[PDB]
Every structure is written in C-alpha cells, then in structure tokens.
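Worksheet: one structure, shown below.
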Amino acid sequence: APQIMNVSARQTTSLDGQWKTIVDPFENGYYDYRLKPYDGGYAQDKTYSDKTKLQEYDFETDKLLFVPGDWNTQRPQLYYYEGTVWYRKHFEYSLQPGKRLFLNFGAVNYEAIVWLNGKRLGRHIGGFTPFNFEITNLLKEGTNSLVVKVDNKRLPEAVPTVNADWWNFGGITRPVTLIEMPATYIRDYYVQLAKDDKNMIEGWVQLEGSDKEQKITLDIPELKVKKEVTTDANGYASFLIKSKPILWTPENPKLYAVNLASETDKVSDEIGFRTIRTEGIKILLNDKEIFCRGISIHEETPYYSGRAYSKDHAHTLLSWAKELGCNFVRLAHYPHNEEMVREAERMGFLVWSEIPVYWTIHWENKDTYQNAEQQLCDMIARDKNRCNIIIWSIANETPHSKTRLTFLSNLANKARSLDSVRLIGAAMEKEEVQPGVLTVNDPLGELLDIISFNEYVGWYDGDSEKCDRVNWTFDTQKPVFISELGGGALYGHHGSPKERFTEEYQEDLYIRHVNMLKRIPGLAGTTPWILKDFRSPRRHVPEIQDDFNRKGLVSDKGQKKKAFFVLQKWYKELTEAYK
Amino acid sequence: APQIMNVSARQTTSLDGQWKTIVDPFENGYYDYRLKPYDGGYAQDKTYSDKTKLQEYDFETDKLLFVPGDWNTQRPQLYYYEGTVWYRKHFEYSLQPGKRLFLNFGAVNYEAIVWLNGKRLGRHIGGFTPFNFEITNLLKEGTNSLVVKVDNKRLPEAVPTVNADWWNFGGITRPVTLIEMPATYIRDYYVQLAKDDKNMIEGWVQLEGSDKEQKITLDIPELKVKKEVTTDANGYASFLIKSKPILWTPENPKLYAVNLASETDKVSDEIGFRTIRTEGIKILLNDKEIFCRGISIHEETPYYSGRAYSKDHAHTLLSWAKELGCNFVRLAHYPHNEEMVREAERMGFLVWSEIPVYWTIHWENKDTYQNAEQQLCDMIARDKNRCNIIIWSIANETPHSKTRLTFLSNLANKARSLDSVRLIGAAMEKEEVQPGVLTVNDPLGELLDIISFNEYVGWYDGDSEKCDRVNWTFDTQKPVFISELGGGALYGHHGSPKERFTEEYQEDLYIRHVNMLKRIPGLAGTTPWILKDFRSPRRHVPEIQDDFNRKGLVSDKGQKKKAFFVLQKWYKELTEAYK
Amino acid sequence: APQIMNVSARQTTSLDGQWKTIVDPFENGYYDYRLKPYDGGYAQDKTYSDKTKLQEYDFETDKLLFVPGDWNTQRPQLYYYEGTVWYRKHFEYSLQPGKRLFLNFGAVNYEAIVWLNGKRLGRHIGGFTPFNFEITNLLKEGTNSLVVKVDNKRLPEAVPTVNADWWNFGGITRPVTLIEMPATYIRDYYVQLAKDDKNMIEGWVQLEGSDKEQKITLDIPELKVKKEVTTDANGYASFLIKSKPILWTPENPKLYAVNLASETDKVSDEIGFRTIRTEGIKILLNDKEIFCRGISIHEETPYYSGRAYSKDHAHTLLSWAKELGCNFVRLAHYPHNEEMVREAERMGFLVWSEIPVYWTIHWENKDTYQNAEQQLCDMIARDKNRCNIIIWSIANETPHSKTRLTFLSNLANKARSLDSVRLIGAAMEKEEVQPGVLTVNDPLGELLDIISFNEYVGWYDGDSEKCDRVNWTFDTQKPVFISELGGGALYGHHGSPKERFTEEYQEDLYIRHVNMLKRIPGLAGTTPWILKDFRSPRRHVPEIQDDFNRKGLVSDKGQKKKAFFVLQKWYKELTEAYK
Ligand SMILES: O=C(O)[C@H]1O[C@@H](Sc2ccccc2)[C@H](O)[C@@H](O)[C@@H]1O
Ligand SMILES: O=C(O)[C@H]1O[C@@H](Sc2ccccc2)[C@H](O)[C@@H](O)[C@@H]1O
Ligand SMILES: O=C(O)[C@H]1O[C@@H](Sc2ccccc2)[C@H](O)[C@@H](O)[C@@H]1O
Ligand SMILES: [Cl-]
Ligand SMILES: [Cl-]
Ligand SMILES: [Cl-]
C-alpha cells in the first residue's frame, strides 16, 4: 500500500489488454434498492452459469474495454459518461512462499475500489497518481479475479472540482502492473545533488519488511562510485558522496546508470545531476542563466485524443516540442504518466510538474485539503529523482480568498519541506497598477521562488492589437514565468487576421503577443497554451471547436498552424541570445 | 403560469419538430469559470455571425433533436447522458392586442429553465407534470427565440431521487404548445358526479383575468342540460345539476359532449360519469362489485422504447391490454401524458395514477415534500374530470420509518382534501405473521381506501415453487390490491421451466402465482409487473436483459410471451365470475 | 497531370483539414433516375441559398470529414461503408501571372473524380498512388470550389479485386497539396549510383514546359560535385559523375544534400548511395553479405488503426521495428505514403515495396493489366531515388495459371526495364518434393532475382509442432526470401502453448518456426507477418479478433507480445553473425 519507487525496473508482469466491463450508472452493483451495500454485488465476479438462481449481471458475457485507456473514446455511448464502470480481469500467478506480490495502478480517474477474489483491497481517490495494494496473502492457485469499480462523477469537494476546461476521461487510464518483491525490499530511495553543490551527490534509501538492517551498496560505475552503508533499525540509511558528475542540461541530457543493492534486493535506475537556483530575476541551471523556452501539454494523444500513457505517446508530443524549439515543457494540469517525464528527461526537456488544484476548489474542506496534499506528496515521491524537473506548481488559477490563501500556503510549505531544491510555483493573481500597465498581487508569492501567472491578452482580454498596449511591472525581483497565453484556431480554416479562429488571427496574435513579451522586465520563462488541440466540454462552436479547445499550436491531427512558426522563430532568437 | 384545463381543446399552435441543441455537461452556457451566472450565456440565442468577436457557441450551426422526445434514444452519445442539454426554437406569432398567449410544456425531465427573447420566463422541477408561462407581453414581431435549458442529473433531494429502476430519459419529453386565450378566459373547471350520487352532477368553473364576473352556461346537449350560473368577484362559480346520465363502464365507456361558455370564452370536453366506492372488501363501480383485471404500464413506446407521448403510442399499448383481458391499467411510476389517459378513458380501462415518490425519498427535506405535493396537486388538477381514473397513489415501495410515515400521511391527506370521490392508495409495508403466511402491517393504511402492496413471490422471494406455500391474511377488511408481481423472460429464449429468464420459467411462475392470488382473502385488484419490457439501467445480464427490465408479458417488440396467456386465461374467468 | 518528383520540396500549400462531405450510396449526385449523367449534380457545389428552387443537397450545411484519412474510423456509420462520398473544399489562391498551379493527391481509394469550379479535371483509379491535375487556367479570383467524388466499391476487374485480407479504407487517405511551378519546371529527375559501381553517379533530369533547352546544374556540396549540362529539344539531359560517396547502409544511413537548378527552377533533395546485387544465394549491399532482418507492415496507424500518412505514424511504427532488431521493412500490400519511405530511409531500414496485385486478379482483362502496370510505373517513378528500397515486388499470393504467368511476367519485365539496379521479387508457387520436404516450383522465378514466397507452417498448415516436421530445398541457387510467416495472438490473452490465439501459442509457434528457418539453405531474408495487428473484414472470432488480423508481434495498442522477443533474439544473433 505504500508507493514503490521505479516500478518499471522491478520484477513486473503486465495485466493490460482487454478486460470485461459493466457500465453501471445507478451503481446497482454496489447498493441495493435501500441504497445499502449488499453481498453479491458485482465485486464477487460470479459467472452466471447456474440459471436456476437469480442474478442481474454476468462479467463473462459482457463487453470489453482496453486497459489502459479512457473509456470515453472507446464507445460512442461512453463519450460523455460520468459514473461507474466495473472492470474485471482474470489472471494466474505462481508465488513462492516468502516472496511478496503487489498490484500497481499507474492511474485511475477518479475513484477506484479494488477487489481480489471477492475481498476488498482498498480505495483510491485522485485520478492521476499511482497506488499499490499488496496481494501476497490473497493470491489463490488457479484463476484469480481482479475487480475494479471505477467512478468519475464530478464531486464538489474533489480535486479537481465540478468545473474545469478539459475532458472528464474515466477509467483505468494507465498500465496495471504486478510486482514481485523479496520479503524485505528496497521500497524507496533518493539520489540527487545536494542543494547548489555540484560536487556532492547525496541521498538515502528505505527498505521495507522485517530484516530492516542490511548492507546497502550504491554503485555508479561511470563515476567510479561504490558507496556502502547499513540501514538503521527503521530500514533507513542516508549518505553523502563526493563526485564531479557531468551535469544534465537540455542540450546534453546526461544520465548515469545507478545500481542499488541490498542483501536481499536490488534495482537499477537512470539518474542525471544538475543544480537549479534563482538569483534575482535570473534562473540558473548548473550556475548558468537560462531562459525556459517552454510549451504546455495535456496528457492527451496525437490523432485520436485519448488519454496518453505510453512512450510512443510521449515521444510524438515531445518531438513536436523539439521542432518548436523548446527546452522546457509544462505538463498540465496534473501529474502525467511516468513515461512522459522519462521521455522528457531522455530527450533534454526541463519540466514543470503540477497538481489539479484548479478554480473553485473547496478551501474549507479538511478532506479536500488532505486530498490535494496527498496528490502533492505522491507527485514528488514518484519523480523526485528526475533532474529535468525544476518547477513544482501547487496551484492553477484560483479565486482569491483567505481560505484559498491558507490552503495554498500549506501546499507551498509542504512542497518545500519535501524538496528543498526545485522551485515552487503557483498561478498568482493579477492586478492593474495603472491603465495599460499590469502586475501581480498575491501574498502567496512569498512562499514561491518565481512570479508565475496566466494571461490571455489578445484572446480573452482584448483583440490582438491590445498586446501592443499592455505592459508589465513588478515590485519584486524574482524571475517572471508566464505559464499560459494564446488563442484558438482550426487548422485549415483561413481568412482575415481579424477573423477569430482562423489561422491568420492566431498568427497575428502571436506576433503581437511575442512583441509584448519582449517588453516584460524579468521575463525568464514562457509555456504558451498549448502544444496540441485538446478535448474540452466547454467548447461548443460547431465545425470550429466541436468539443475541442483550439489553442493548440499543433492541431489534434498533428498539423502545424501558422502561429507555430511565430513562436518557433522567437525561440530561435532566444536560443542564440542565451547561448 | 397557472395550470390550464383541457389544453387540447383550446386555440393551439404546435412548436413541435426538430430544434437546435447544445450538449453542455459542465454547464458552460450558464456558469463561468468562477461558477457564477453570467450575462451572455446560451439563453441569449446569439447567432455567431460576426467572427471578429469571441463567443463559445452557436445554435445556428449546431445539431438537431426531435421534440417531443427523450434524448437518450436519439444519439448513441446521449444514451446514458445525465446533465444539461440546451434546446432552441425560433417561431413567429401574430397576437391580436387584447388577446393573451401562453406557452405550455406537457413535460420536461427534470429541471427546465425557459427563456423567450433572452428573458427568463421561469423554472420547473418534476419531469412528468405540465407547466405554463404567459408570454403575452414578451412576444416580438418577426422572429422569436425560445431557449430551454433541460437538465436531468439525479439529485439526492429530488423526486424521484438518485436510485430507481427505470431509464433516466432526459429532455423535452412531451409536446410544446402555444395557447391563445381571450383577455379573460375559462382557466379551470370540474364536472363529475357527486359522491356516490348517480343522479347529481356537481362541478365548478374558474375564470382568469379582469372580467371576473360573467354569465356562464353549461351545456350537456345529449342530457338536455343547460345550467346558467354567474361568477363571484373571484371568477368562481359552482353548480349542482340533477341529471340521470348513462354511467361510464369499461364495457360501455360512455362519454358526453360537454360545453362551457362564459361571456368571453367557450371550451368543449368529453367527460363521463360514474360512481366509485369501497364496501368492505368489495370495490363498487356504479353500485356493482367489480374486480380490477389490470396490468402495469411504463410511459415507454412499443418497438423503439422511447418516452411515449402520442395517441398512437397509447393505442398500441392499450390494445395489448385489451387483448390481455384487462379492464384496468396502472400507469407507473408518474403521471403519464394526457393522450394515454384519454385513450384509456375512451377504450374502457379504469386507471391507477401515481407520483414518483419512490424508495429513498428525503423524508425530512421540506423542499422534497413541497415538490412531491406539487406533483400530487398537478396530477389531480389535470385529470380530475377523467371518470376512468379511480385510484390515486401517493407512494410506491418505500422503507419503514417515522419520517416516511409522516411525509406519506401528509400526501394522503392532501389527496383526500383535493378529491373526495376517488380511492387513495400506496405501496404498504408487509410482514410475516407466521411462516408461509404474510400480511400488511403499515399505519399508513389507516389513511387509504385499499390494502395495496407489491410482492414478487417466486421471482425475488424464492423460486416459482414458493408461490405454492405462501398465504395472506388481513386484520382490516378493505379491498386488497396487488399493484406489482411477476418475473422476467426474454421472448424467444426457451428451456426448462426451472431456468430463470426463459419463457417456460415465467409461464410456470404465473401459473403458480395465479393459484396463490386465488387464495388471497378479499383480493379485488391485480396490476402485474409489467405489460411491456422497458429500459432500466439496473438490468445487466448480457443477451437476456441488455439494459431492459424483462418482466413484461409482452416483449419490447410486441411479442406475447407464454406467461401472457396464463394471465389472460385467469382474466377470462374473472370476467365470467364477476359478470 | 504527369507525375512530379519530390513534391515536398516544391512550393506547396496544404489543403488539408476538414471538408464538407455527402455520403451518397446510390450516386444520386451523379446519375438521375434514368441512370444517366445530368447537369447540376453535386460536382457543381451549389449552395442551397434560394429555397424557391429545388435541389436535393447542400454541402454548406452538411457534415465534415477529416482530410487526409480513411472515412471508416471517423463515424460508426462509415465503418463498413463501400460506395461514394463527395468531398468539397473552398479555398483562395493568388497565382502570379505566368506561374502554374497543380492539385496533387497523395492518394484516394479507390476511384476519384475531380472538379474545380464545376469543371471536370479528370479521373483516377488505384488507391495507393499519387496523381496530379493542372488548374493554372481554371483558378478564379476569390472563392474556388474543389469537389472530389470518392468511391471504394470493390470491383471484380480492379487491382486489388473483390477479395483481400485488409479493411476497405475509403476516402482521401493522404495529404492534398497545391504546387506552384515556373512556366518551365524540373518535373522529374534520377540520381543514383550506376549499377554495381561504387565510384560512379549516374542520372538524368526532365523538364516540362516550353523553354525546353536550358542549362542545368547539379550540386552535391559535401562531395564537391558541381555538374552542369544542357537539355535537348525534349527537355531531357543525362549525366555521369565520377565520385566516391560514403555509401548508405542500415547502420549508417548517410544521406547527401543534392541541389538541382535550371534557368527557371530549382529543387533540393536528400539522396543516399549504395550498390545492391545478388551473388549466388547471397544478397550483397555495397559488396557486403547481408541478412535482411525484416518485418512486414501495413499502412495503418498505431493505437487507433486508421490509414497512416504522417511522419509521426511512420516514426512510431519504425521505432517498433528498430526495437525488434530489424534492418529491413516490407511495406505491404501497396505503395505506402512517401513519409513512410523517407523515414525508413533516414532511420536505416532497407525496404521492400510492392503493388496490390493479389489473389484472384482478372489476368485476362487488358484494362486490369494496364491498371496494374500503371501502379507499378507510379510506384517506381516516385521512389527511384530512395536508396533504401532494394526490392520491388510485382505480386503477392496468386493462383497457378497460365494467364497469371503471362500477366506477372509482363509486370516483371516492365519493372526490370524501369530499374535495372533493384531486385525484383514476387510470391512464388510452392510444391511438395516429398513428405516433409517443400520447395518452390514457379516458372515466374526465371524473371526474379530472389526465391521469394509466403508460408504459414504451424498456423494455417499444422500446429506449431509441424514446423519441426518440415524442411525446404531448392533447385536454383538464388537467395531465398520468405516474405510472410507467423500466426495470431491477442495481447493479454494467456493459456497453454497448445491453445490458439494465446500469447503462449504464438511464442511456441515462433520458437519452432525460427528453428525451421535455421535449417533453410540459402535463406537471405525474412519479413514475418506482421508488425502490428491490423483491421481486416475476414477476422470474426469475437473478443479475440473483432475485425483485426491478430498476427502482429505488437498489438494494435503498442504492446509487445511474447513472440516479439523470440524474433528479437534471433535477429540479435543474426546481427552478430553477419557483423
Ligand atoms: O480557456 C482556456 O483556454 C484556459 O483558461 C485557463 S484559466 C484563465 C483564463 C483567463 C485568464 C487567466 C486564466 C486554464 O488554465 C486552462 O486550463 C484553460 O484551457
Ligand atoms: O425490480 C423490479 O422489477 C421492480 O421492483 C419494484 S420494488 C419491490 C421489489 C421486490 C419486492 C417489493 C417491491 C419497483 O416498483 C419497480 O419499479 C421495479 O421495476
Ligand atoms: O491470412 C493472413 O494473415 C495473410 O495471408 C496472406 S496469403 C497466404 C496464406 C497462406 C499461405 C500462403 C499465402 C496474405 O498475404 C495476407 O494479406 C494475409 O493477411
Ligand atoms: Cl478555443
Ligand atoms: Cl428482469
Ligand atoms: Cl489472425
């Protein structure tokens, strides 16, 4: 039930493919007509072969869905579906006694309830973070039954809440994986550079199980590093190691093979090393001033616009970012699958990672807060060894209020106590200093290392020309990072640059908007909205949006719009400028 | 806004056909990202003709839906849809000044918000009762814009609530009508026999408008009747008319042409006359003891299984009930469309009419009660001149509790305060006196004219054999009425009479269940469940249910299953024994 | 109307995006009720703006389809659809006086008929080869109307004919492009090594237009080559160039920038250089013995399984082939899009390219032969400069008749007269020498450089064990190339190695099939069937096939089956052996 670091390097067996499914809008499979739980609900996975008895379902003769994936793009009937779908899987597994077996979900949106062989394993909320169950003692010989009740109903108190600008993709959206472990295993570990110290590798390791005190060995063959330690009685041990590793950067994404070994377990990883700091309005990677030439990206696939989960999906999206000239990607509005981060790390993209605290969250709900902080904790726990990640962001656009402020401040501080290296960000509130002159105004900026905010001058705030008459001033000399900007266009739809939603309008906007960005003092990062057209239920212009937010520089069908090349040209100037 | 009696008889213009529509699952057209209402939402019906300005919708180029109709059967994507769909109609209408104009919706499930020319007319909850707006002063020349925002999300506090065994059919489910009235018009009237008096016609008439005191004439020509009264300062007048009409019966459903005429309006009707009362365990219609040879019916069409609304739909269903031997039909679980009631009155079926107070209603919620009572009032107000209805039911199966009893007693009193003639029913709690012997035990019965209850012996309570070892007894000596019973079968699926869901099992069930009914002391009525298979989201056996409740005696495709003829044979004998 | 070389390098304007469409199954848009052509059919693209007159259509208010792409996966209703769909596009283009403008279709399946502003430009048959029209003198000012009548009806006499094992993907399956040319332009050109000579570049260039005698330069800067020549009265010139270019291989796919300029035009290109020949049972690339570690690939996308067309599609597919350990890809069963071939060229994959001459072609129909030979000519003319293509194939599996022999012989002779460098292959008739001993017996073999054939021992011919019971011998000392082999499995479906369609069966099948391949004297190449599960209308096992051929080593969802790694291991050993 605790997070497992680097699942892909473990002893894994996939459960993916196609599973039997039951769409259950009124949750008949969970509650009876009194609205109470009942034995004999669908969790029992009872093949309906004796027809002298009465039951109301039969996984064995029902329809399939693919796992992993959203359900919305797999059947017309499921496009808008919000509610419960039951997934069932049968599998066999041979586990020698003493060995341990875990069931890992990369992600399930939004609530998952899980049973093995008719016995409840647990419950998860939050649709974008992994979770594990140990099934060591519940495995049976022969056929095992795995049942997952998945529900994506919008909940006022959820994270996110009843309103948002992206599709409500339900289902088992990321791979489902079995993991075999020795009785005491390497559960967690941290291997990064010490804060601001390019000559000190530091980290720790965490065993799990009963034989908690063991000789650990950390190997980095290419750095001639062989460090030994012994975990204390809590299965914990820390270390410092002197080394001068080649530093990861976007232009040389240097990664090192790291091998961890205990007396009873072992695991390998790819880990690069860098430092990241603020100095006034400057952002410093390995002590050099950099500009973050970024782009924002939803976890949505090329061509057919389902939930992304694979390396193929990551590679195609990033290869567009590459052509766009980015050295940075913002992954909105939630933690993406581990393959996106790994592929960004491999190709040399810095990363902004993020939780879906977004619009009208319930700031007074003690449960809502626990939810969001759990997501924050899990986002950082999974990716803490990914050096291309330099910004953690604890909030998107939010209405201002004292409850909001106290909520986000708790997240910001918690982020800082988990990762004293990377930069903490959040979407800050904007204020008019005097006409034609804008600034930021958020008392949460004291817990942030950057001045991050969204603005849509020229699309939602005025026509394009208004980018020509807006300017920005700041009362603090922290690096300024604009996390969203842009506007919509349908690829192939042409006309006057005054005609909104044409490629021509969007091109004119990006020209003028870039000129406005060139005037902003302290500007050190931008990630326009967005790389690719994506699904939203808030976009209803027929033949133009068709349930798609059209602010992509690339169409959902991979076609580069005219505005793609405006941003591309600017990023070329910027690359030479900071070279 | 007040109800209008006998809408079909007024000066009517149909707004039916195909309307433009927008599916809006997050309610973008009503709320903004702050979750606040905003001017400029879709109610403004603003055609998106000037693309220099930004807008997120356009009715003019969007998709159509049939009106009337559920949306669920019209598009695969809407099959499961729960949430907001916007409808938009354009129309012209010439109103001679002084004349008034009303907008009548037969039904909209579940919440309707209505606008004319960008102005809100009001809001309605309750998906099976009609409602009106006066649009006399809002009509413009040329094109008028009617926008209706329909939402069918299940609400915990709603009536019905978040669980129920029928499809959540959203949309504008019954015809939409323009009614023109004189400045002062006959709004409402009542013309029926006096309680247990086959020689006294009583009634009243109610005007609406300024000319409140008028001479009123009531003409029943075939009876050689003409009473001429005059209305008070409220527009109200009552009357008593000694007459010896031919009384309506199922075998001879006599109806009279009735003509009302004030100084400034007239309106005709077809009304019949009959007496109805209980005498001990007997039900007496026109002083003669009858048995209600009945069958239950959902408001759902033959063959394609959409929401029924037309005279054609009613006729097909009723001619199945005719062939079954019925003299009675129970319309579940809500007020059906008027066409259905009228068709039943004309062919000769007594009717049971009811409201969707069903399972876990929020008994302690005062708005919930107000909703249910409003639905009660609207039900009785519309049909009070329909002589063929003899039972109003205020409740279906509900849990046992004090709040439920208080709630249901208030409805039962209200029903009685609204109609002194018809019988009041409700699904009562049952109890097992001794093994094999059951009874009713429910203090609500004290407020009811019958012992009415649902029982599914042989389907939910045991296999078919258990019907042979269950018997009933009753303390109170009222007529006993079983409003639901039966079990499921797929037409064309055959096997052993032991195999559930074959035709042979359902036949065996009905044969044993009928012998059980024949041992029930005081049995006066049976409306078995059900006439035609119907859509339910709680029926998930593949290839057998497929989201259909299969307890019809007739398939959803009009095929008579074997059990149909069992019940038909008993109903033939009941016709003999009660002649 | 003639072919144009290197379309992507010219001055191009995409017409892609979404077009208006009319599904027209009875070709009402083209015939009247007399089955005769008629004026005012849909080719006239006449907006229905005057409802005083009668017409049966209106593109302006009809539905969209994405272009490029198959229609089948864009709507449920079009999945199986065979027939006509009208595509309509409006566009503007500013063509300076004297310049020429061409409409280029990458491909349309099967029959395309094309109109600009109501005038027929012409017709094309054959679904996988590009075609052009000149619209220089038809372009009008302002709004131009492009109408394409697309029909994919299966025709007995067509190429392919009424039966084949892949989906009938209809539509404008590949990009549509406007190409602007000077009044006299470089239409075609050839630049490659001379046969077997590592030290000699040969080639030619062809002009189109009235200024036919011009000075042409060919520059290859990295080779310090600058050749000037002058064209003759036919616009033709040939050349020879002593040079020692770095030779292209899969391991080092070196490409040279090549620049061509005449007096009025210029075009650049990327072209590699290699020699290829057979020597006995040996295939020699740049005089080195190679094994073709191949995989077959249909032109179908990962994940959603539409018609592939983009570099994104090719890269993902080819990336799987790279992980498999391939140095070679067979593109079946027709010419793929040019993106696929360029990406194989750039990444390092030798290529097999072929035409859809397949199963029961009408060998005696002269129009059928002309069609097949046109497809051959278009295939070779487009890719003659792609050094990575080393094999052209003029036929897949065919029946064993004299007319077939004549038909294919003429194809094989035409291919050789078009290209004397590349190898010519075709799937050859097999025969049983004696029990357990197969061979090839096909007189066509005289005209082919390799002994190429398909065999599915262990899937269609026996169980997996029969691979152990089969051996091969050949009378002729030519390299043996098996173009297809394998069997089906559903990813995630697990069982005994004896149960067909499990991953275990396919894995066992591949172990014993590879061992059979190890015993084949002369084996110089294999391209197993197939890389990725693909759609097929002859694959009907529910839950297993569901209209997919399951013989992929990769699921249609990117998942590597167990058998993938069997082939991967053998290719790893073949790599070391042929080092
Ligand atoms: O509408 C959009 O395109 C985007 O709006 C922003 S919110 C915002 C709007 C105006 C100014 C400042 C912030 C969301 O972050 C994004 O998910 C959504 O897609
Ligand atoms: O499940 C059914 O077939 C029906 O069950 C009854 S409730 C009940 C169940 C068992 C015993 C007593 C009452 C509902 O009135 C009905 O709408 C539904 O269709
Ligand atoms: O059935 C298959 O999987 C494949 O069959 C071959 S034909 C063949 C079958 C048996 C022996 C020799 C040749 C086709 O080339 C291919 O398109 C198709 O998919
Ligand atoms: Cl947009
Ligand atoms: Cl049922
Ligand atoms: Cl297959």
Side-chain angles (χ1 to χ4, degrees), chain A residues 26 28 32-34 54-57 165-166 456 459-460 484 486-490 493 500-501 505-506 509 529-530 532-536 538-541 544-553 555-556 561, chain B residues 28 54-57 160 163-167 296-298 300 330 332-334 354 356-360 393 395-399 426-430 438 440 452-462 482-490 493 500-501 505-506 509 527-541 544-552 556 561:
Chain A
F26 294 10
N28 177 80
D32 65 12
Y33 76 146
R34 309 170 288 152
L54 172 62
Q55 81 173 28
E56 309 287 336
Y57 78 100
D165 188 41
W166 71 82
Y456 288 82
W459 183 260
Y460 292 124
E484 298 172 17
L490 179 65
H493 175 51
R500 276 170 177 267
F501 289 111
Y505 185 108
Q506 188 188 46
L509 175 69
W529 195 253
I530 188 169
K532 177 191 85 77
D533 295 343
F534 63 97
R535 288 184 196 277
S536 173
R538 310 175 61 242
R539 312 286 164 187
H540 299 143
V541 175
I544 299 324
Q545 292 166 322
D546 298 326
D547 300 337
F548 276 83
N549 179 312
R550 288 307 184 189
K551 296 180 186 65
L553 293 169
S555 81
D556 58 306
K561 319 178 182 175
Chain B
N28 183 74
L54 174 63
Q55 169 161 315
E56 302 288 328
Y57 77 100
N163 199 13
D165 198 42
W166 70 82
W167 207 257
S296 290
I297 323 187
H298 260 292
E300 203 195 77
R330 160 154 183 262
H333 282 294
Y334 35 74
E354 74 182 27
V357 169
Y358 189 107
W359 300 355
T360 49
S393 177
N396 293 277
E397 200 76 17
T398 53
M428 306 181 54
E429 313 287 297
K430 306 163 278 316
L438 309 169
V440 160
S452 53
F453 59 88
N454 309 307
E455 55 86 12
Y456 287 84
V457 179
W459 184 262
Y460 293 125
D461 186 12
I482 304 186
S483 37
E484 293 167 18
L485 62 80
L490 178 72
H493 180 49
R500 302 255 194 170
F501 288 109
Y505 186 107
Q506 188 194 53
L509 175 59
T527 45
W529 196 256
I530 188 161
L531 174 68
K532 173 192 92 75
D533 304 337
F534 60 99
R535 302 182 181 275
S536 172
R538 300 169 75 245
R539 310 295 167 177
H540 296 138
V541 183
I544 302 290
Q545 275 164 344
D546 291 325
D547 305 332
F548 274 80
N549 186 302
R550 291 296 183 199
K551 312 191 178 64
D556 62 304
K561 315 165 181 178

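Labels below follow one simple rule: chain letters A, B, ... track the order of the sequence lines, proteins then strands, and each chain is numbered from 1. Counting starts at 1 for both ligands and their atoms, following the listed order.
By the 4.0 Å N-to-carboxylate-O rule, B:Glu397 lies close enough to B:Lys430 to be salt-bridged with it. One finds no salt bridge joining B:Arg535 and B:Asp547 here, because no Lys/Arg side-chain nitrogen approaches an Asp/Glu carboxylate oxygen to under 4.0 Å.
Atoms of ligand 2 found under 4.0 Å from any heavy atom of B:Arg539, numbered from 1 in the order shown, are 1 (O), 2 (C), 3 (O). Atoms of ligand 2 lying under 4.0 Å from any heavy atom of B:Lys551, numbered from 1 in the order shown and given with element: 1 (O), 2 (C), 3 (O). With ligand atoms numbered from 1 in the order given, ligand 2 contributes 15 (O), 16 (C), 17 (O) to contacts under 4.0 Å with heavy atoms of B:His333. Taking every non-hydrogen atom of B:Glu484 and a distance limit under 4.0 Å, the qualifying atoms of ligand 2 come out as 6 (C), 14 (C), 15 (O), 16 (C). Numbered from 1 in the order shown, with element, the atoms of ligand 2 that lie under 4.0 Å from a heavy atom of B:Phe534 read 19 (O).
Looking at B:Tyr456, B:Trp359, B:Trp166 and measuring to atom 9 (C) of ligand 2, the nearest heavy atom belongs to B:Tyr456. Heavy-atom proximity to atom 14 (C) of ligand 2, evaluated over A:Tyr33, B:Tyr358, B:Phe453, B:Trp529, is greatest for B:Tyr358.
Of the inter-residue distances, the one linking A:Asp533 atom CG with A:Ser555 atom OG reads 6.0 Å to the nearest 0.5 angstrom. To the nearest 0.5 Å, atoms NZ (B:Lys551) and NZ (B:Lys561) are separated by 9.5 Å.
Ligand 2 does not have B:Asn396 within reach: every non-hydrogen atom of the residue lies 4.0 Å or more from it. Not a single heavy atom of A:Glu56 sits under 4.0 Å from any atom of ligand 2.
Although no hydrogens or angles enter the test, the distance criterion places a donor-acceptor pair under 3.5 Å between the side chain of B:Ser452 and the main chain of B:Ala426.
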Check the pair B:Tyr57, A:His540 against ring pair (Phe, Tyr, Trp, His ring centres under 6.0 Å), reporting the backbone distance first and the verdict last.
CA-CA 5 Å; B:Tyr57 77 100; A:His540 299 143; 8.8 Å; no
Given ring pair (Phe, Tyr, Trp, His ring centres under 6.0 Å), test A:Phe26 with B:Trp166 step by step and report yes or no.
CA-CA 10 Å; A:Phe26 294 10; B:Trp166 70 82; 8.9 Å; no
Give the C-alpha distance, both sets of side-chain angles, the deciding distance and a yes or no for ring pair (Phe, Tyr, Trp, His ring centres under 6.0 Å) between B:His333 and B:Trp529.
CA-CA 12 Å; B:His333 282 294; B:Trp529 196 256; 4.8 Å; yes
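Contact annotation: for B:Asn549 versus ligand 2, heavy atoms closer than 4.0 Å belong to the side chain alone.
Nearest protein heavy-atom neighbour of atom 18 (C) of ligand 2: B:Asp165 OD2, 3.4 Å.
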